[PDB]
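Take a look at this single chain in structure tokens; it is the form deposited in one PDB entry.
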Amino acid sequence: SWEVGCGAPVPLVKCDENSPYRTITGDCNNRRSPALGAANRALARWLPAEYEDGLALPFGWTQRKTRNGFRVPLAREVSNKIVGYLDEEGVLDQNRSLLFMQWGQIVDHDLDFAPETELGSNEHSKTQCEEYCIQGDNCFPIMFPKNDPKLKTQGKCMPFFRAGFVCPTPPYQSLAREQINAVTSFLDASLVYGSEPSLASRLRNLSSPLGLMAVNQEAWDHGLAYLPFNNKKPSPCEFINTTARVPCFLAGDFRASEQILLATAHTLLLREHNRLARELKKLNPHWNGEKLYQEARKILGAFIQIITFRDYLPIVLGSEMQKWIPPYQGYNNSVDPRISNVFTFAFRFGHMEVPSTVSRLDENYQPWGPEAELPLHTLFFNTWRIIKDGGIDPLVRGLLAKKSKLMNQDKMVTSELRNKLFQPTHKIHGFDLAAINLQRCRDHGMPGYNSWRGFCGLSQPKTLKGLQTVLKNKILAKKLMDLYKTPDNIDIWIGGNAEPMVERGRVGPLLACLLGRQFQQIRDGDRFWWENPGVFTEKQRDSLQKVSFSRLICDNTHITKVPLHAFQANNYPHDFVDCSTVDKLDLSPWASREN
């Protein structure tokens, strides 16, 4: 294709690579190519994009237009027929805690965000897309099949706006459309600090030379910090309980208040920041603000990388972990650390892990109050349940002692997300994330299931019998064939997630390959990887090796009983130990001296 590089922002670079700290945007991580892995650039394409028209139109757009000689089925039709289930009994993952699902969503948010069009500044259209369901331009409505009960009750469609794309915003041709990753591709705590200099400074507390992140000024959690409120209008966290008028939180990533356990996880991370900036000052009273903030933020980034790579990834990828992510051998500047477009769909395996309810537990890990257990859908954009209904301790206890949902070929996504999703500005608890993932897959120009099977070196089933054997499920392969007509045409989100899970893992072979390749790249390709010689000292690394999610909980909450392995399914009190017994992070090794 030989051609030069376009880009939405300026590849305006000011590197001068002597500082020991990461930039906010990700620029300057790679010396030879300073934009690589930086926020607000195109997602990487591991395979060329496939659109209806070769350029920008998703499959499904022109109803005459086939993919490989067949019409693509409606995203909501696939949803109802394949992804849906009624019976929440028996659905829980007997060996993953709810926190395993939660960490997944955290790591995701650190790595990719491809926001719907007009990532811009403020107050834009007054949308007819929701109004009349007329497809056009960036409005790509998810239409209901007849028989869809939502037709009786919600009208003809669900709103869906196409994702923004680089060399921008309204019209373009002859290079295929590329979607934007709005956050840093590096696993770098960008969800805590921001990926733009503008949000990064606003989250900081600069009124005191202490290098602290700003905390809520209206509310405290038994003397401990909350995230600042976001004073932006309109607020969906206000929209959900007008009486309570509790806004969303302000965090390094804009989605932090999407559900209460994510806002919870963000609250712990920030707490850890300030706990970190406080300790460094004790050991180095000479150190200035900017210093304390960088060194804390750098320790926090290391904790997220290690928790993700040491604890999470091996229990996602199972026997495939070593295959795609071998033990580390230093920084390789030849590796592309950019998040691919496909990964952004691959990592949506988490949707199948979200159970239908969230609980609050007390000190004895028994139900907290009379409405301890809540249906997940009442907890989208919900921060009042945190501020006015007990702080984060009871929710953190539930993360520890309640379980993730297990993926299940006959019970894929809970109705709490499949039929009751709330999206900002759309006023009801009646959306379907599954249909959204599938409309999005098409929006982003995804190659189909077999192109990805091919990329990963796996067989590419062409018939029903071949697909039944790959899925090890006769009836599911038959439902897919009936909708799709060929396995060439199955959207990657639903084809990857349909494969049975690998041994000791929670995704199948195809996803383990896509996820595995991405993660290995974000580690090997990151100049600031905690274990890269030079980034930390030998003593600091020995100290950082003792971090666990159990110890983070202990330090930043009033919980005194934690399990040693927080991602496994744990029951109180057998698997729970005193906080005192858990390894501490030791900042002694960060002591430095002048005069």
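Here the rigid core means the biggest group of C-alpha atoms that line up within 1.5 Å when the two forms are laid on top of each other. When you see a residue number, it is the position in the sequence shown, counting from 1.
In this entry, the higher average B-factor at the C-alpha atoms falls on 318-326, of the pair 375-383 and 318-326. Legend: mean Cα B-factor per stretch from the PDB entry, 181-189 versus 134-142; the higher mean is in 134-142. Across 49, 43, 36, 554, the entry's maximum B-factor at the CA atom is seen for 554. Per the PDB entry, 279 shows the highest C-alpha temperature factor of the residues 279, 432, 491, 499.
Among the modelled residues of its chain, residue 462 has a C-alpha B-factor that falls in the middle third, as given in the PDB entry. Sort the chain's modelled residues by C-alpha temperature factor and residue 60 lands in the middle third, per the entry.
Among the modelled residues of its chain, residue 309 has a C-alpha B-factor that falls in the middle third according to the deposited record.
Residue 249: CA B factor lies in the middle third for its chain, per the PDB record. Looking at the C-alpha B-factors along this chain, the one for residue 287 belongs to the highest third.
What follows is about the form deposited in another entry, which we do not show.
With the core held fixed by superposition, the comparison between this form and the one not shown singles out 124 as the only member of 152, 146, 124, 282 whose CA moves by at least 2 angstroms. The two forms, fitted on the rigid core, differ between this form and the one not shown by less than 2 Å at the CA of residue 573.
After superposing the rigid core, the Cα of residue 20 is displaced by less than 2 Å between this form and the one not shown.
Relative to what is shown, residue 120 and residue 137 are closer in the other form; their C-alpha atoms differ in spacing by at least 3 Å. In the other form, the Cα positions of residue 187 and residue 120 lie at least 3 Å farther from each other than in the form displayed.
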